[PDB]
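Engineer: Mind looking over this structure? Questions follow.
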Amino acid sequence: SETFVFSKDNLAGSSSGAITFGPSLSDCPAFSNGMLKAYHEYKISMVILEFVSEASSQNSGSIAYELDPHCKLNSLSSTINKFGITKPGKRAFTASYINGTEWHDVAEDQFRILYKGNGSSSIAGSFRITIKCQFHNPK
Amino acid sequence: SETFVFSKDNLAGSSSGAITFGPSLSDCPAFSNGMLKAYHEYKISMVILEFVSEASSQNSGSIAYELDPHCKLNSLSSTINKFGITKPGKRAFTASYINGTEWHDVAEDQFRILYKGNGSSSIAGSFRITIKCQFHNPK
Amino acid sequence: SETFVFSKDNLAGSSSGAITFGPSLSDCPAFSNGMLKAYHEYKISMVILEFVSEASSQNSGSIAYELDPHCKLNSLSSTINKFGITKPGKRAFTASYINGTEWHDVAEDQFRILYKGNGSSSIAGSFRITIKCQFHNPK
Amino acid sequence: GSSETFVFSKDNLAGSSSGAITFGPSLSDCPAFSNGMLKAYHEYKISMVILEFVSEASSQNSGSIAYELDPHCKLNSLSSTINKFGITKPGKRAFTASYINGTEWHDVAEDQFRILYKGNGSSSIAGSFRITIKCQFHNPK
Amino acid sequence: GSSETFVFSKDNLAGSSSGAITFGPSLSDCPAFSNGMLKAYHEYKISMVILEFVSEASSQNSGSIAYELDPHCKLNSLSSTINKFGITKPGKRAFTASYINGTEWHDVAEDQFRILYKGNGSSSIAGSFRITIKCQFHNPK
Amino acid sequence: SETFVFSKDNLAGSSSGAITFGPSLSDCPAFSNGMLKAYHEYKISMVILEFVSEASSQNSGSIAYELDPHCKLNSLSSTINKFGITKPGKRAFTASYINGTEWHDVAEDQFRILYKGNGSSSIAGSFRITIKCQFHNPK
Amino acid sequence: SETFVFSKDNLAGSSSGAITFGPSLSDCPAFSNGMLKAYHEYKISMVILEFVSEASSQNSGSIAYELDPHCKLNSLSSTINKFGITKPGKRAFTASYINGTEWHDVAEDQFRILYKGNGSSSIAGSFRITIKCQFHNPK
Amino acid sequence: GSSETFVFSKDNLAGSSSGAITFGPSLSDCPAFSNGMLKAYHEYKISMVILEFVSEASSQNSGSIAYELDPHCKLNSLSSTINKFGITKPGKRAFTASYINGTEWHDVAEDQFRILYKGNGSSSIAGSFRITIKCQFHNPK
């Protein structure tokens, strides 16, 4: 029942992107090219997403994050869940929310988080992702 | 968690078709055009399939139904389970039969019911479908 | 006992408008044209209104929201309940406050929330509305 | 208040004829209720309804009668066809208080609710609608 | 058959105003009976009548109200003045079956009997006529 | 929650009128011009209607009152309930009689009392009305 | 034991004034010209004073409020109790602090709150006053 | 302190005459209290008042007497007409401590409270106001 922590920094206020959890997570060199390449099954039981506000209080906007459990969206569609870029935020996703009740092959993504900001080009903050995951069937 | 009740009517004695429970369920606008556009995941925990016999007692035949759990069949193949078009029928499908153990994205069809009758062209009856289902991760 | 979540974004600091809950709620495509069109009775038991502060700290003003339980006001009259545009806010309305103790026909509005801001034209934040409602007498 | 039980019947429901039964001051099928107690009390509520279809049709007639319950009298004809009775088999259905907006006392000039019926069979006789309404009255005039 | 008890009141009986109360299809003072049960049953009979005068007049008003019982509806106004109530004192009178022709079932289009009242006092308010009719009904429509 | 006590005086033996409990209750400035301009909703849970007999014992007649729950009658129609103008009277109306089960906007008249007397033109008495009522959703 | 809520808005950062509770409270049309004019005794048991910060974070200053229980000050004297104009504040005054243990005639003030700001002329925020009061001896 | 009970009466209250009874140093109707104990004690409080109307008028006189309780002596005549007594029937009313500002000791030079009375009847005799005041005294002079 290991744990990983990584951070996507320098999130621009208007940058739109996707953080896919699986073989495509190049933002964490210790997960994509590490445990996955030497294992077969893995489930990401818990995802703690914490937005740390580096942005100046003079930046107007917000970062909306949409939690797609099947990687069937290439861009954000609903702007409901959002963090104000001026204040820190914390969010916890358990097993049921992120399709984390069954194993998956290390060649297939489990889920993704699509982030989209609508602020200025200045620095908006950082994303700290803590993934509590498990591995099975050692390779 | 909700209990959606809908129906398909004017099923002739020889009508052949498929009811795909998911985004293609145009029979019930309260499901395909409703909750499925307000959520990401859904699972159909129970399906109560009832056949109300509108047919005359002097008509012959029966309506067979196949419960395809993965929608790989586009037409009826097996006829082991059937309702006589002269007697009302009721059938219960729990989570295991209809792949309700796992959640699915609203762009994916969970399972389908292939229904085909062998009788004449007269009115055979109506299908009353009661899907007790849940939802998660609001859009 | 289903739940809906929707969001009215890009609330200008000086925009004045009304959010009516019922057939006129075009801000949520999954409620006005979804469940309501295929049901007869509905009561909105709980309304959680959360103001997320996207606005820069350089914006002076506030957004006053008035909860009219009979849709007899076309514009805000009392400026008591208000959110500072610089800080997040949360408010919970139970059954008694929003005339939510009896069913209503889907052709008639139940209540409305009139919002009025007195700040600058810049982005003031977003409104996140979580309506916990129930439906009865399937159509 | 006064508790009463009005049992009446709308007959000669052809398998193709459609209509609406409005409960309250427009209940022409039971003059004992529409023009009866409603002119002796200010407030009335229909706490319970028992709707029964007595099948007078023979086994050879194929069809059904679809009945829908409008609790606000804003529908003039049937729209959806979920609930239905077979024309060859007797049917029974019980509507409680919440289904028919019976939790609130109404002025006698208001129609509390209505039942819309529509047939999809032939033009012959299908059966009879036997309606039992258990009601309460308040504030005698 | 169905046994019912209809209690109603004709009010504002001035000490000088005279009139007639016809029991049956012309009982306008109690719409619960004239236009009520009479449209749900072919035959009705008024087994018992309790006629009471509630004296709302003060002791200073002098007079009386003379009431006569016509069991065949062939009288249009009071003729004799034997039975009477004092306007200052409450009065009670009980009419049994034979007095009001209540031994025979009548068609609902017929007036069973009537009570003619005539005052000989002043023009001020004298009291109220509270009428309780205990009746039976047969052959539901 | 409060217990407002007011009165209508100089009711002649033949005075005909209506007391509409709501914004049109000009008899008590503490109710129409007071709390009803500080709240949105109100319900009158109990009405104690007392008649104090100021009339001489040598005056005849009575005052009849009709408790219209929906204000559809603009004049007295029924006279089944009445107080003798020579004897003091008291009557109690609970929530069910006067439609107090539901709340109403302060621009709507809940119920009314139609009072009319048949006596002479002399002083008949006074109406003392005690409305035990509540309020909600302050303006 | 009724309750009132009112709000003094557009408090300038340098405005100095007094909020007197009684017949002189013209800021609340439902208290000065409502309940008081139709009653004799009244005591304001509790006063909840909440400062909502509408002011931009670029405004330097504070609003000092002094609670005079006998209306013997026409201007603020001590600057101890104060709210920062940049942040919300809440304060509760019980019966003993505001001379609220005995009734008073509706022609005499009970107490007053003297507010004085020393910031800029821009909008500094709003005052929300919730007075829980009681009335006696109906007029 | 000393507890006392002063029972007095203001008589010849015509059905049309109106006035005010101020309790304390201006209670001219009971010289035993206004000029009595108040000159022997610094502090007095009127803990309880029993106000009774003895009806000496005949049944023929129609009217009422409206009495209002001013607990701060800032009213000079009657304004509202909620509480009232019928002139033909004896009346009783009990004012406790809080109603008459009797929870605080007062200097003898202050009027604790007053009762304003106004009649709406004829000019004949209506009755008598019998007032019982139960009071306490402190700090003897």
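Residue numbering restarts at 1 in every chain; chains get A, B, ... in the order shown in the structure tokens, and ligands count up from 1 in that same order.
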Need the shell around residue 52 of chain H: protein/DNA/RNA residues with any atom at most 12 Å away, counting only C-alpha atoms. Skip same-chain ones fewer than 3 positions apart. Format as a list in words?
Structural biologist: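 In the requested form, the answer reads residues 7, 8, 9, 10, 11, 49, 55, 65, 67, 84, 85, 86, 87, 89, 90, 91, 92, 93, 94, 95, 127, 128, 129, 130, 131, 132 and 133 of chain H.
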Engineer: Can I get the selected residues back with N, CA, C and O atoms, as a JSON list (two decimals), in the first residue's frame?
Structural biologist:
[["chain", "number", "residue", "atom", "x", "y", "z"],
["H", 7, "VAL", "N", -56.90, 49.71, 49.24],
["H", 7, "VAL", "CA", -58.10, 49.45, 48.46],
["H", 7, "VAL", "C", -58.93, 50.72, 48.45],
["H", 7, "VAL", "O", -59.39, 51.18, 49.51],
["H", 8, "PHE", "N", -59.13, 51.30, 47.28],
["H", 8, "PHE", "CA", -59.93, 52.51, 47.17],
["H", 8, "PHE", "C", -60.84, 52.41, 45.95],
["H", 8, "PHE", "O", -60.86, 51.39, 45.25],
["H", 9, "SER", "N", -61.60, 53.46, 45.70],
["H", 9, "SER", "CA", -62.58, 53.44, 44.62],
["H", 9, "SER", "C", -62.78, 54.84, 44.07],
["H", 9, "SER", "O", -62.96, 55.79, 44.82],
["H", 10, "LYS", "N", -62.76, 54.94, 42.74],
["H", 10, "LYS", "CA", -63.17, 56.14, 42.03],
["H", 10, "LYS", "C", -64.59, 55.89, 41.53],
["H", 10, "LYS", "O", -64.82, 54.95, 40.76],
["H", 11, "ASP", "N", -65.53, 56.72, 41.97],
["H", 11, "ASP", "CA", -66.94, 56.49, 41.73],
["H", 11, "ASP", "C", -67.51, 57.50, 40.75],
["H", 11, "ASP", "O", -66.82, 58.43, 40.31],
["H", 49, "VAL", "N", -51.68, 45.09, 40.98],
["H", 49, "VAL", "CA", -52.90, 45.89, 40.88],
["H", 49, "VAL", "C", -54.06, 44.98, 40.52],
["H", 49, "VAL", "O", -53.94, 44.13, 39.63],
["H", 55, "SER", "N", -70.50, 47.12, 38.37],
["H", 55, "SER", "CA", -71.52, 47.61, 37.45],
["H", 55, "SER", "C", -72.76, 48.03, 38.22],
["H", 55, "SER", "O", -73.58, 47.19, 38.61],
["H", 65, "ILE", "N", -66.33, 50.67, 28.79],
["H", 65, "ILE", "CA", -65.26, 51.52, 29.30],
["H", 65, "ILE", "C", -63.94, 50.90, 28.87],
["H", 65, "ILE", "O", -63.65, 49.75, 29.20],
["H", 67, "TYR", "N", -59.97, 50.83, 29.12],
["H", 67, "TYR", "CA", -58.90, 51.17, 30.04],
["H", 67, "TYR", "C", -57.58, 50.74, 29.44],
["H", 67, "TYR", "O", -57.46, 49.62, 28.92],
["H", 84, "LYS", "N", -61.30, 46.40, 27.35],
["H", 84, "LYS", "CA", -62.52, 47.11, 27.70],
["H", 84, "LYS", "C", -63.38, 46.26, 28.62],
["H", 84, "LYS", "O", -63.26, 45.03, 28.66],
["H", 85, "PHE", "N", -64.25, 46.94, 29.37],
["H", 85, "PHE", "CA", -65.24, 46.31, 30.23],
["H", 85, "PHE", "C", -66.63, 46.71, 29.78],
["H", 85, "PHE", "O", -66.87, 47.87, 29.41],
["H", 86, "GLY", "N", -67.55, 45.75, 29.80],
["H", 86, "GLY", "CA", -68.95, 46.07, 29.55],
["H", 86, "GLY", "C", -69.55, 46.78, 30.74],
["H", 86, "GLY", "O", -69.33, 46.39, 31.89],
["H", 87, "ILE", "N", -70.31, 47.85, 30.48],
["H", 87, "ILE", "CA", -70.86, 48.65, 31.56],
["H", 87, "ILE", "C", -71.95, 47.94, 32.35],
["H", 87, "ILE", "O", -72.26, 48.36, 33.47],
["H", 89, "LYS", "N", -71.89, 44.60, 33.12],
["H", 89, "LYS", "CA", -71.39, 43.36, 33.70],
["H", 89, "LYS", "C", -70.15, 43.68, 34.53],
["H", 89, "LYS", "O", -69.28, 44.44, 34.08],
["H", 90, "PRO", "N", -70.04, 43.14, 35.74],
["H", 90, "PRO", "CA", -68.83, 43.38, 36.54],
["H", 90, "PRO", "C", -67.61, 42.82, 35.85],
["H", 90, "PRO", "O", -67.67, 41.78, 35.19],
["H", 91, "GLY", "N", -66.48, 43.52, 36.00],
["H", 91, "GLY", "CA", -65.26, 43.10, 35.34],
["H", 91, "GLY", "C", -64.10, 43.09, 36.32],
["H", 91, "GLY", "O", -64.06, 43.86, 37.27],
["H", 92, "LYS", "N", -63.15, 42.20, 36.06],
["H", 92, "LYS", "CA", -61.97, 42.08, 36.91],
["H", 92, "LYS", "C", -60.74, 41.91, 36.04],
["H", 92, "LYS", "O", -60.78, 41.24, 35.00],
["H", 93, "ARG", "N", -59.64, 42.51, 36.47],
["H", 93, "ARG", "CA", -58.39, 42.42, 35.73],
["H", 93, "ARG", "C", -57.24, 42.51, 36.71],
["H", 93, "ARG", "O", -57.30, 43.30, 37.66],
["H", 94, "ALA", "N", -56.21, 41.70, 36.51],
["H", 94, "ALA", "CA", -55.06, 41.64, 37.41],
["H", 94, "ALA", "C", -53.80, 42.02, 36.65],
["H", 94, "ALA", "O", -53.44, 41.36, 35.67],
["H", 95, "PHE", "N", -53.14, 43.09, 37.09],
["H", 95, "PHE", "CA", -51.86, 43.52, 36.55],
["H", 95, "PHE", "C", -50.75, 43.08, 37.50],
["H", 95, "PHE", "O", -50.76, 43.44, 38.68],
["H", 127, "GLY", "N", -70.79, 52.92, 36.46],
["H", 127, "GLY", "CA", -70.33, 52.04, 37.52],
["H", 127, "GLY", "C", -69.23, 52.68, 38.35],
["H", 127, "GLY", "O", -69.08, 53.90, 38.35],
["H", 128, "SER", "N", -68.48, 51.83, 39.04],
["H", 128, "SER", "CA", -67.42, 52.32, 39.91],
["H", 128, "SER", "C", -66.14, 51.53, 39.67],
["H", 128, "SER", "O", -66.18, 50.32, 39.43],
["H", 129, "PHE", "N", -65.02, 52.23, 39.72],
["H", 129, "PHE", "CA", -63.70, 51.62, 39.57],
["H", 129, "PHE", "C", -63.14, 51.34, 40.96],
["H", 129, "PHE", "O", -62.75, 52.27, 41.67],
["H", 130, "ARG", "N", -63.08, 50.07, 41.34],
["H", 130, "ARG", "CA", -62.50, 49.66, 42.61],
["H", 130, "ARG", "C", -61.08, 49.16, 42.34],
["H", 130, "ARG", "O", -60.89, 48.18, 41.61],
["H", 131, "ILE", "N", -60.10, 49.83, 42.92],
["H", 131, "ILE", "CA", -58.70, 49.56, 42.66],
["H", 131, "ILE", "C", -58.05, 49.09, 43.95],
["H", 131, "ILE", "O", -58.11, 49.77, 44.97],
["H", 132, "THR", "N", -57.42, 47.92, 43.89],
["H", 132, "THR", "CA", -56.64, 47.38, 45.00],
["H", 132, "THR", "C", -55.19, 47.35, 44.58],
["H", 132, "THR", "O", -54.84, 46.67, 43.61],
["H", 133, "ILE", "N", -54.33, 48.07, 45.29],
["H", 133, "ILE", "CA", -52.91, 48.11, 44.98],
["H", 133, "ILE", "C", -52.14, 47.48, 46.13],
["H", 133, "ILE", "O", -52.24, 47.93, 47.28]]
Engineer: Among segment 1-112 of chain B, which ones does DSSP assign to strand (DSSP E) (computed from the backbone)? Answer as a ChimeraX atom specification.
Structural biologist: /B:2-12,16-21,39-52,62-68,82-84,89-93,104-105,111-112
Engineer: Applying 8 Å and only C-alpha atoms, which residues near segment 17-24 of chain E remain after dropping the ones on its own chain fewer than 2 positions away? List them as an MDAnalysis selection string.
Structural biologist: chainID E and resid 13:15 26:27 33:34 38 73 76:77 108 110:119 123
Engineer: Put those residues in a file: C-alpha atoms, as a compact mmCIF listing (two decimals), in the first residue's frame.
Structural biologist:
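Dumped everything to again-v3.txt:
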# COMPACT_ATOMS: atom_id res chain seq x y z
CA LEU E 13 -86.55 35.26 10.31
CA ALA E 14 -88.00 38.71 10.88
CA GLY E 15 -91.01 38.90 13.17
CA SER E 26 -86.92 22.47 -3.58
CA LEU E 27 -85.01 22.70 -0.27
CA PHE E 33 -79.99 17.65 0.49
CA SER E 34 -82.01 19.22 -2.34
CA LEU E 38 -81.60 13.46 -4.24
CA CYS E 73 -97.86 20.74 -0.70
CA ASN E 76 -99.04 28.45 -0.48
CA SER E 77 -99.42 30.58 2.68
CA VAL E 108 -87.23 12.63 -6.13
CA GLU E 110 -92.00 15.22 -5.77
CA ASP E 111 -92.14 17.54 -2.78
CA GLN E 112 -92.86 15.37 0.24
CA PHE E 113 -94.23 18.10 2.52
CA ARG E 114 -93.69 21.68 3.60
CA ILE E 115 -93.69 23.93 6.65
CA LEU E 116 -95.34 27.33 6.34
CA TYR E 117 -94.22 30.02 8.76
CA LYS E 118 -95.83 33.40 9.39
CA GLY E 119 -94.88 36.07 11.91
CA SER E 123 -90.07 43.91 11.61
Engineer: Contacts from chain F to chain G, 8 Å maximum, only C-alpha atoms: show me the residue list as a PyMOL selection string.
Structural biologist: chain F and resi 1-2+4-5+28-31+33-35+37-38+138-139
Engineer: Can you spit out the residues from that selection as a PDB file, in the first residue's frame, using N, CA, C and O atoms?
Structural biologist:
ATOM      1  N   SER F   1     -42.097  33.989  16.332  1.00  0.00           N
ATOM      2  CA  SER F   1     -43.346  33.583  16.963  1.00  0.00           C
ATOM      3  C   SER F   1     -43.853  34.670  17.897  1.00  0.00           C
ATOM      4  O   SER F   1     -43.125  35.128  18.773  1.00  0.00           O
ATOM      5  N   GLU F   2     -45.104  35.081  17.714  1.00  0.00           N
ATOM      6  CA  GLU F   2     -45.667  36.148  18.527  1.00  0.00           C
ATOM      7  C   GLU F   2     -47.180  35.980  18.578  1.00  0.00           C
ATOM      8  O   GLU F   2     -47.768  35.187  17.835  1.00  0.00           O
ATOM      9  N   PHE F   4     -50.202  38.455  18.445  1.00  0.00           N
ATOM     10  CA  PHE F   4     -50.692  39.801  18.181  1.00  0.00           C
ATOM     11  C   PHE F   4     -52.159  39.901  18.566  1.00  0.00           C
ATOM     12  O   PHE F   4     -52.982  39.102  18.112  1.00  0.00           O
ATOM     13  N   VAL F   5     -52.487  40.890  19.388  1.00  0.00           N
ATOM     14  CA  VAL F   5     -53.849  41.109  19.853  1.00  0.00           C
ATOM     15  C   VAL F   5     -54.305  42.460  19.333  1.00  0.00           C
ATOM     16  O   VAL F   5     -53.658  43.480  19.594  1.00  0.00           O
ATOM     17  N   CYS F  28     -54.709  46.602  12.497  1.00  0.00           N
ATOM     18  CA  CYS F  28     -53.559  46.512  13.390  1.00  0.00           C
ATOM     19  C   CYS F  28     -52.309  46.970  12.658  1.00  0.00           C
ATOM     20  O   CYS F  28     -51.740  46.205  11.864  1.00  0.00           O
ATOM     21  N   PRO F  29     -51.838  48.199  12.880  1.00  0.00           N
ATOM     22  CA  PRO F  29     -50.582  48.628  12.246  1.00  0.00           C
ATOM     23  C   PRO F  29     -49.388  47.792  12.659  1.00  0.00           C
ATOM     24  O   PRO F  29     -48.391  47.761  11.928  1.00  0.00           O
ATOM     25  N   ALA F  30     -49.454  47.112  13.805  1.00  0.00           N
ATOM     26  CA  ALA F  30     -48.358  46.263  14.250  1.00  0.00           C
ATOM     27  C   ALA F  30     -48.210  44.997  13.417  1.00  0.00           C
ATOM     28  O   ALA F  30     -47.224  44.274  13.597  1.00  0.00           O
ATOM     29  N   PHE F  31     -49.158  44.702  12.530  1.00  0.00           N
ATOM     30  CA  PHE F  31     -49.087  43.501  11.706  1.00  0.00           C
ATOM     31  C   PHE F  31     -48.932  43.830  10.228  1.00  0.00           C
ATOM     32  O   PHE F  31     -47.999  43.333   9.591  1.00  0.00           O
ATOM     33  N   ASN F  33     -48.368  46.911   8.748  1.00  0.00           N
ATOM     34  CA  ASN F  33     -47.292  47.868   8.540  1.00  0.00           C
ATOM     35  C   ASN F  33     -46.039  47.538   9.336  1.00  0.00           C
ATOM     36  O   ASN F  33     -45.050  48.271   9.238  1.00  0.00           O
ATOM     37  N   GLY F  34     -46.054  46.459  10.112  1.00  0.00           N
ATOM     38  CA  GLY F  34     -44.928  46.110  10.951  1.00  0.00           C
ATOM     39  C   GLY F  34     -44.166  44.895  10.470  1.00  0.00           C
ATOM     40  O   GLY F  34     -43.328  44.995   9.570  1.00  0.00           O
ATOM     41  N   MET F  35     -44.454  43.739  11.072  1.00  0.00           N
ATOM     42  CA  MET F  35     -43.698  42.527  10.773  1.00  0.00           C
ATOM     43  C   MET F  35     -43.813  42.120   9.309  1.00  0.00           C
ATOM     44  O   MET F  35     -42.873  41.538   8.755  1.00  0.00           O
ATOM     45  N   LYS F  37     -43.582  43.845   6.779  1.00  0.00           N
ATOM     46  CA  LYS F  37     -42.571  44.534   5.994  1.00  0.00           C
ATOM     47  C   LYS F  37     -41.160  44.201   6.455  1.00  0.00           C
ATOM     48  O   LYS F  37     -40.200  44.816   5.980  1.00  0.00           O
ATOM     49  N   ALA F  38     -41.014  43.241   7.368  1.00  0.00           N
ATOM     50  CA  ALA F  38     -39.711  42.782   7.829  1.00  0.00           C
ATOM     51  C   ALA F  38     -39.494  41.301   7.566  1.00  0.00           C
ATOM     52  O   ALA F  38     -38.448  40.762   7.942  1.00  0.00           O
ATOM     53  N   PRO F 138     -36.230  36.507   7.225  1.00  0.00           N
ATOM     54  CA  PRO F 138     -36.279  37.966   7.378  1.00  0.00           C
ATOM     55  C   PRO F 138     -35.810  38.685   6.122  1.00  0.00           C
ATOM     56  O   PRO F 138     -34.854  38.269   5.464  1.00  0.00           O
ATOM     57  N   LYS F 139     -36.493  39.778   5.800  1.00  0.00           N
ATOM     58  CA  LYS F 139     -36.164  40.567   4.619  1.00  0.00           C
ATOM     59  C   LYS F 139     -34.872  41.332   4.829  1.00  0.00           C
ATOM     60  O   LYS F 139     -34.899  42.502   5.203  1.00  0.00           O
TER      61      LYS F 139
END
Engineer: To one decimal in Å, tell me the separation between atom CA of residue 74 of chain G and atom CA of residue 16 of chain G.
Structural biologist: 10.3 Å
Engineer: Which residues, written as a PyMOL selection string, have at least one atom at most 8 Å from segment 107-111 of chain A, with only C-alpha atoms counted and residues fewer than 3 positions away on the same chain left out?
Structural biologist: chain A and resi 20-24+43-44+67-71+98-100+104
Engineer: Please identify every residue of chain E that has at least one atom no more than 12 Å from any atom of chain H, counting only C-alpha atoms, and report them as a list in words.
Structural biologist: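 So the contacting residues turn out to be residues 58, 59 and 60 of chain E.
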Engineer: Nearest residue to chain D out of B:115, B:103, B:85, B:92, using only C-alpha atoms?
Structural biologist: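 Nearest candidate to chain D out of B:115, B:103, B:85, B:92: B:85.
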Engineer: If we count only C-alpha atoms, what is near residue 10 of chain F at a cut-off of 10 Å, once residues fewer than 4 positions away on the same chain are taken out, given as a list in words?
Structural biologist: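 Near neighbours after the sequence-gap exclusion: residues 15, 54, 122, 123, 124, 125, 126 and 127 of chain F; 63 and 120 of chain H.
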Engineer: May I have the residues within 6 Å of segment 57-61 of chain A as a ChimeraX atom specification, using only C-alpha atoms and disregarding those fewer than 5 positions away in the same chain?
Structural biologist: /A:86,118-119 /C:54-57
Engineer: Would you mind exporting N, CA, C and O atoms of the selected residues as a PDB file, in the first residue's frame?
Structural biologist:
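File produced: again_29.pdb:
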ATOM      1  N   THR A  86      -6.722  32.686  -5.794  1.00  0.00           N
ATOM      2  CA  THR A  86      -6.201  33.522  -4.724  1.00  0.00           C
ATOM      3  C   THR A  86      -6.119  32.801  -3.385  1.00  0.00           C
ATOM      4  O   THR A  86      -5.501  33.323  -2.454  1.00  0.00           O
ATOM      5  N   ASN A 118      -8.864  30.268 -16.287  1.00  0.00           N
ATOM      6  CA  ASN A 118      -9.346  31.396 -17.073  1.00  0.00           C
ATOM      7  C   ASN A 118      -8.801  32.725 -16.563  1.00  0.00           C
ATOM      8  O   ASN A 118      -9.429  33.768 -16.768  1.00  0.00           O
ATOM      9  N   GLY A 119      -7.648  32.708 -15.901  1.00  0.00           N
ATOM     10  CA  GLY A 119      -7.024  33.912 -15.400  1.00  0.00           C
ATOM     11  C   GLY A 119      -5.984  34.466 -16.355  1.00  0.00           C
ATOM     12  O   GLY A 119      -5.958  34.162 -17.549  1.00  0.00           O
TER      13      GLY A 119
ATOM     14  N   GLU C  54     -13.708  34.314  -7.372  1.00  0.00           N
ATOM     15  CA  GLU C  54     -12.708  34.437  -8.421  1.00  0.00           C
ATOM     16  C   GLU C  54     -12.151  35.845  -8.526  1.00  0.00           C
ATOM     17  O   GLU C  54     -11.125  36.046  -9.183  1.00  0.00           O
ATOM     18  N   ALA C  55     -12.798  36.817  -7.891  1.00  0.00           N
ATOM     19  CA  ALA C  55     -12.481  38.220  -8.109  1.00  0.00           C
ATOM     20  C   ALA C  55     -11.133  38.582  -7.508  1.00  0.00           C
ATOM     21  O   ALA C  55     -10.725  38.038  -6.479  1.00  0.00           O
ATOM     22  N   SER C  56     -10.443  39.507  -8.162  1.00  0.00           N
ATOM     23  CA  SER C  56      -9.217  40.050  -7.606  1.00  0.00           C
ATOM     24  C   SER C  56      -9.524  40.810  -6.323  1.00  0.00           C
ATOM     25  O   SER C  56     -10.621  41.341  -6.135  1.00  0.00           O
ATOM     26  N   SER C  57      -8.539  40.851  -5.426  1.00  0.00           N
ATOM     27  CA  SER C  57      -8.702  41.578  -4.173  1.00  0.00           C
ATOM     28  C   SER C  57      -8.804  43.082  -4.371  1.00  0.00           C
ATOM     29  O   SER C  57      -9.009  43.804  -3.391  1.00  0.00           O
TER      30      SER C  57
END
Engineer: Could you check which of C:41, C:50, C:27, C:9 is closest to chain D, using only C-alpha atoms?
Structural biologist: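 Going through C:41, C:50, C:27, C:9 one by one, the smallest distance to chain D is for C:41.
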Engineer: Going by DSSP on the backbone, which residues of segment 3-107 of chain D come out as alpha helix (DSSP H)? List them as an NGL selection string.
Structural biologist: :D and (31-34)
